[PDB]
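The chain below stands alone, shown as structure tokens; this is the form solved without the ligand.
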């Protein structure tokens, strides 16, 4: 690892600088180096890791969607043959995206998840595992597509089971997990009714627990609740 010679604390410091500079590829490389030091990550460090890779893969997903749309149009009736270039370049971006997802999944498997015992860490990492398998599923078309989808489902389900046992219904990690698993149902698993049911039940159970929260916790929880409502409005 090219970060092997840099101190853990320096990698974290530079990840924060990279974020300020909107250098998310650098941020992700610094956080990968920090993970590879072998120590567990604090709450703040877990969120630096997730912010970095979410931004990187988010840009790759946006680019893949642009290219996939151009490719689809090139394959419509009446479209002029333009050669292999669109497919080739879509494949190049897709392969890079898969590489990023494989890198994140590799960090989770070696060895973040196995050392994560508290609900706030374990649910967070299992949510990430579901998310990155979901991004792989978005571009999957081959023999293993069903297994990729099932890997996402399994990770989300384990995270859900822990979150319901160990966290209050307003916990922002629990809420964001439910938001994303609901999107998995709608967009990946062809299960819009499950997606809607999950979003609605999550929202309603969070609403009922808001009375227990401080002003700052209330702000955090209601922010994610509004995203659940936004998706429900989109879907109904």
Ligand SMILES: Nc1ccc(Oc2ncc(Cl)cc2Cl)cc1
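Residue numbers count along the first chain shown, from 1. For the two forms, the rigid core is made up of the largest set of C-alpha atoms that agree within 1.5 Å on superposition.
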### Message
Between 169-177 and 207-215, which one shows the bigger average Cα displacement from this form in 8 other deposited structures of this protein once the rigid core is aligned?
### Response
207-215
### Message
Taking the other PDB entries of this protein that cover both neighbours, check whether residue 157 lacks coordinates in at least a third of them.
### Response
no
### Message
Considering only other entries where residues before and after it are modelled, is residue 78 without coordinates in at least a third?
### Response
yes
### Entry-level comparison of average CA B-factors, 78-86 and 133-141, reporting the higher stretch
78-86
### Task
Report the stretch with the higher mean CA temperature factor, choosing between 64-72 and 203-211 on the basis of the entry.
64-72
## Note on the structure
Split the chain's modelled residues into thirds by Cα B-factor; residue 21 lands in the highest
#### Entry: Where the record places residue 127 (Cα B-factor, split into thirds across the chain)
lowest
### Message
Taking only the Cα B-factors deposited for this chain, tell me whether residue 176 sits in the lowest, middle or highest third.
### Response
lowest
### Summary
Tertile call for residue 36 (CA temperature factor, within chain, third-based) is the middle
### Task
Please rank the C-alpha B-factors of the chain's modelled residues and tell me whether residue 50 sits in the lowest, middle or highest third.
lowest
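Not pictured, yet referred to below: the form solved in complex with the ligand.
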### Task
Considering only heavy atoms, tell me if residue 8 and the ligand come within 4.5 Å of each other in the entry with it bound.
no
### Message
Test of understanding: in the entry with it bound, would residue 200 fall inside 4.5 Å of the ligand by heavy atoms?
### Response
yes
### Query
Wondering, does residue 70 line up within 4.5 Å of the ligand in the entry with it bound on heavy atoms?
no
### Message
residue 196 versus the ligand, in the entry with it bound: is there a non-hydrogen atom within 4.5 Å?
### Response
yes
### Query
Heavy atom within 4.5 Å of the ligand in the entry with it bound: which residues of 111-132 qualify?
none
